[PDB]
Structure formats: C-alpha cells, structure tokens
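First to last, the sequence lines map onto chains hK and qv. So the first sequence is numbered by the authors' numbering: it starts at 52 and just counts up by one. So the second sequence is numbered by the authors' numbering: it starts at 5 and just counts up by one. A short worksheet on the structure shown next.
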Amino acid sequence: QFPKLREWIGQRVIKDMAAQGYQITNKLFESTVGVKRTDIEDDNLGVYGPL
Amino acid sequence: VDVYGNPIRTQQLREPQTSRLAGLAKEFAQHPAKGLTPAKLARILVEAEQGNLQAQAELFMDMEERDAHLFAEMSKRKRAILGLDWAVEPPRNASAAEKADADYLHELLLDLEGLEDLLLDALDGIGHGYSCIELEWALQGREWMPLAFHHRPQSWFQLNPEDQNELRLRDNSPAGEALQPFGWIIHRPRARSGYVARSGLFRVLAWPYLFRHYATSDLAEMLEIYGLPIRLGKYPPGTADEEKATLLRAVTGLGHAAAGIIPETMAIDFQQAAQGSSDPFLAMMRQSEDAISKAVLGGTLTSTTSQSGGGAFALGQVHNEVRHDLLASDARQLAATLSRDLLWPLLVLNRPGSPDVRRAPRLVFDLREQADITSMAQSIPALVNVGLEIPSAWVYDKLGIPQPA
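Written as structure tokens, this is what we have:
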C-alpha cells in the first residue's frame, strides 16, 4: 500500500510499490488398506465392507 | 389436536423429528438373509416378537429382493390399489360449511404432488406390518403445507417396553422415543389379529421362501455336479510322488479327455456322480410358490388359477369372490389411515374453528365394479313400462355415468 503523507511538496520524493508473493505446493495426501476378496463376500454380518 | 386427543404444538412442526438423529441416516442394512438357516429364522422371528424389529425388517427387505415370485405377487397387489380412482366425501348429511371444507381438502389433495409415492410407501405395511412416512411441514404464508413425504425404514423403530402395540424411534435409549404427533403417517394393515410384530404377511411367507431357497440352491449344486462321473485312480506300492501327481492330473483331465493310457498295474474306476432327477426339488418349489400365491392373492385366481372363459358376468365371477374382497379391504384400510393422518392435520391447521372429530371428511376409494350396460339397458324398459319408478340417481351412480349439470 501507499506510505504516510510526507512533509515536503518542495523537492517531492518519489517512491515505489513493493510486489509481494507467496508460493506453496499442493502435494497430495493418501491412506489405504488391503483386504481379501473372499472375506468381504464371506461376511454376512455387515462389517468388513463398511470400509 | 389430533384424532387421538394428544396435544398438538405447532412449534415442533418446523423440523423433522429424526433431524436430531443424524446417526440413523448413516446406517447400512446388515442383510440377514445371506446364510440363513431355519434356526436363525426362528431366532429372528422370536427376537422380533420381543421388540427387536431391526433384524426382522432387514430380513423382510432381503426376502422381497431375492424372491422373484413373491416380489411379483406383492407388486401386482400394490399396483392394484395404485390404479384406483379416489375422492373425498363430506360426512353423513353434512352442512354447507362441511361441504366447503371437504371440497377444499379434495382440491388440496388433487394439487398435492407425490400422492402416488405416498400410497406406494404406505402399502409397504401390508408385508412389513407397519409403514412410517415422515412429513415435512412448511408455511406458504398463512396455510400449512406438506412439503414432502419421506419413507423411513422399518429398521429405524422398535417396540415400547411397556407396550407391545406402540412403536418408537431408536434413539440409543432403552425406551426409544415416542412418535411426534402430526409428524408421521403410520399405516398398519391388520391381516391377522395380534400385536404389531406378528401382524406382517412376510411373517407368514417366510417359511415357504426358505423352503424354495433351499430347494433352488440344492438343485443348482446338483446341476453343477451333473455331467461327467467321478473316477478314482489307484496306484501300486513303489509309485513316486511325481508319478502320483501325473496320475492325479490324468484322472482330473480324463473326463474332458476322450482317451488315455495307464500302466496295467494301475486302475481307474468310474463311479456314479449324481443320479436322480429334478422332480423332488421342482415339487418343493411348486408347493412353496402355490403357498405364496394363496397367501398373497388368494387360492382362486393365482395358485389355483381361474382359467379362461369370458362373458358378461365373467368380470363378476373373476372379481367379486376373493379379488374384490381383498381389493376392498386394502383400499378401505388405506383410506382410513389417510383420513386419520393426512386429512385431519390439514383440516385443523388450514381452516378456522375446531370442528368435531366425528364430522371430519373421509377419503373414499372408488370401488365401483363395472356393471353390464347391455343387459340392464334391456331390463329397464320392461320395468318402467310395468310401472316401477326407479330413481335416476341409482342408475347414474351404478353405471358410472355422471348426473347432468
């Protein structure tokens, strides 16, 4: 942004804006588990399949 | 208030009762039909008698899904009702105000979307013994409206420990939760006299379903074994493991392979695999299917089919006995439930005053049976020439033709 009002219109002093930047990497996140194909079918109680 | 007299508070109508029970909406059916044995079925039924309706409801859902004959019968029975025309009539010798109330209710039901879905959801109580449909109440200014009808699974409820005929929500507490007034349309058709747990038709139909399932599975297994014979190879002492494996593979592939050679010291014996017929299995399946047909739709048209044969009185012959009785019973029970649950809140919220409960309008289904126009049209002229003064109202009502306006 712009700085304070100075105290001299005689011999005015120029200024510049500062360009700021922020860099961030969006790396992935994961998590998983292994299960057997027969066991999910060989489970009549409803558990092992709410996975 | 409601028909039962329980105090009614409009504050609780803004939100559904089950909204504060987000746990229920995340549940999945346990599918108790898979791996079901007669002992397991008996335990399920007995536990349901004691207030554990979750397992019974899930079993009934699986039974409906896994049996094509039972599903077809139930769907036909329900579609019979879904196709009936309906009307709202004012009470006996109603006054002008009552007639206006009935007319307004009729107009409101006509313009209420989702009525057919509501009827279909309610008819599930025929097989499950009880169906609960949650109401969404909204205000379009000064008049309450049912925003939508939500059918909640029967597995979401239980029995009151202090009352075996009163249902309650499953809120993790031993006593459950009482049903909110004006928040549900509970349909509980009564095929047999008893408690709510024992009142379902699927309770009657469970055993034939299990018989048919066992017969079909056994037949499928026997068809799998059918074909080639079991053949056993024998080897002498001093046969090494590699030769044993070679003999085993030869025997395993011998059925598919037309020819093979073995040493004279070995031997292969072809033994009977499975010799019989499908007659016992099919007999059991037919018995179970006939039982299901009789229990669902009557033993005059479905199981012991009425056969063909037309005629003017053929409609009456096919319908009046069995089919008309069942249709009228189901329609009357559904109409009573609707008049009790949906018509009354609309009358007592959307209109001024406190009309007496006995004078509430009643929803009526059109059970009129098509009458032979030709025979009766032949008959009238003789009677009128004789001198009888038959009213025109009876004719117009019975023929289905409307009175001139």
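Note that beta-carbon positions come from the ideal geometry of N, C-alpha and C, so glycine has one too.
Which first and last residues belong to the beta strand (DSSP E) in which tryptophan 141/qv is found?
-> 135–143
Within 10 angstroms of the Cβ of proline 241/qv, are there 16 or more other Cβ atoms? Answer buried if so, exposed if not.
-> exposed
Through-space distance from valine 388/qv to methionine 380/qv, alpha-carbon basis | Here the C-alpha atom of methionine 380/qv lies approximately 12 Å from the C-alpha atom of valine 388/qv.
Segments assigned alpha helix (DSSP H), at least 4 residues, entirely inside the region 315–382 of chain qv = 318–322, 329–342, 348–354
For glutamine 34/qv, go through chain hK and note every residue whose CB falls closer than 7 Å to its CB, in chain order.
-> Result: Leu96, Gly97.
Proximal chain hK residues relative to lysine 38/qv, where beta-carbon distance stays under 8 Å | In chain order: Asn95.
Option nearest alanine 98/qv by Cα separation, candidates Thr243/qv, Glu120/qv, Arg366/qv | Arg366/qv
In whole angstroms, what is the alpha-carbon distance linking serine 312/qv and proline 101/hK?
-> 52 Å
contact_flag[the region 54–74 of chain qv, the region 141–160 of chain qv] where n(CB pairs < 8 Å) is 3 or more = Touching, yes, given that three or more Cβ pairs across the two stretches are closer than 8 Å.
List the residues that DSSP assigns as beta-bridge partners of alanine 91/qv.
-> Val368/qv
Hey, quick one: how far does the beta strand (DSSP E) through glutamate 170/qv stretch, first residue to last?
-> 167–173
Beta-carbon proximity list for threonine 341/qv, same chain, < 6 Å, skipping 5 on both sides = The answer, listed in chain order, is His191.
Can you tell me which of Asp115/qv, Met67/qv, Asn56/qv, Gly129/qv puts its alpha carbon nearest to the alpha carbon of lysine 82/qv?
-> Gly129/qv
Nearest-angstrom Cα distance between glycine 55/qv and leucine 122/qv?
-> 26 Å
7 Å CB neighbourhood of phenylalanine 369/qv in its chain, flanking five on each side removed | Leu88, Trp90, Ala335, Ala339
For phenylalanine 32/qv, which of helix, strand or coil comes out of DSSP?
-> coil
Rounded C-alpha distance that separates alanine 152/qv from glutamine 321/qv = 41 Å
With burial defined as no fewer than 16 other Cβ atoms inside 10 Å of the residue's Cβ, what is the status of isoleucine 189/qv: buried or exposed?
-> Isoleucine 189/qv comes out buried.
Beta-carbon proximity list for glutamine 275/qv, same chain, < 8 Å, skipping 5 on both sides = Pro233, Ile234, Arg235, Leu236
Among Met289/qv, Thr304/qv, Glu170/qv, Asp175/qv, which has the Cα closest to the Cα of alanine 224/qv?
-> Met289/qv
Coarse secondary structure for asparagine 164/qv, derived from DSSP in three states = If DSSP states are grouped into helix, strand and coil, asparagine 164/qv belongs with the strands.
Whole-angstrom distance between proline 212/qv and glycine 118/qv, CA atom to CA atom = 35 Å
Return the CA-CA distance between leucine 127/qv and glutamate 81/hK, expressed in angstroms with no decimal places.
-> 46 Å
Same chain only: Cβ atoms within 7 Å of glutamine 184/qv, ignoring 5 sequence neighbours per side | The answer, listed in chain order, is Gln16, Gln21.
Look at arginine 172/qv and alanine 182/qv and say whether their C-beta atoms are less than 7 Å apart.
-> yes
Using a threshold of 7 Å, state whether the C-beta atoms of residue 463/qv and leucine 371/qv are closer than that.
-> Because chain qv in this structure spans residues 5 to 409, residue 463/qv falls outside the shown range and cannot be described.
When burial is assigned at 16 or more other CB atoms within 10 Å of the CB, is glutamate 325/qv buried or exposed?
-> exposed
Beta-carbon proximity list for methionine 149/qv, same chain, < 8 Å, skipping 5 on both sides | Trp141, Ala142, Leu143
Between the beta-carbon of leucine 209/qv and the beta-carbon of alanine 299/qv, is there less than 7 Å?
-> yes
Return helix, strand or coil for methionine 68/hK, following the three-state DSSP convention.
-> coil
Rounded to a whole number of angstroms, what is the C-alpha to C-alpha distance between residue 425/qv and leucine 57/qv?
-> Missing from the structure shown is residue 425/qv; chain qv here goes from 5 to 409 and no further.
Mind pulling the beta strand (DSSP E) runs of 3 or more residues that sit fully within the region 96–137 of chain qv?
-> none
List, in order along the chain, the chain qv residues whose C-beta lies closer than 9 Å to that of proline 101/hK?
-> By Cβ distance, chain qv contributes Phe32.
When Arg13/qv, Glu247/qv, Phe186/qv, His217/qv are compared against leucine 40/qv, the one with the closest alpha-carbon | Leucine 40/qv has its Cα closest to that of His217/qv, out of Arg13/qv, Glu247/qv, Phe186/qv, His217/qv.
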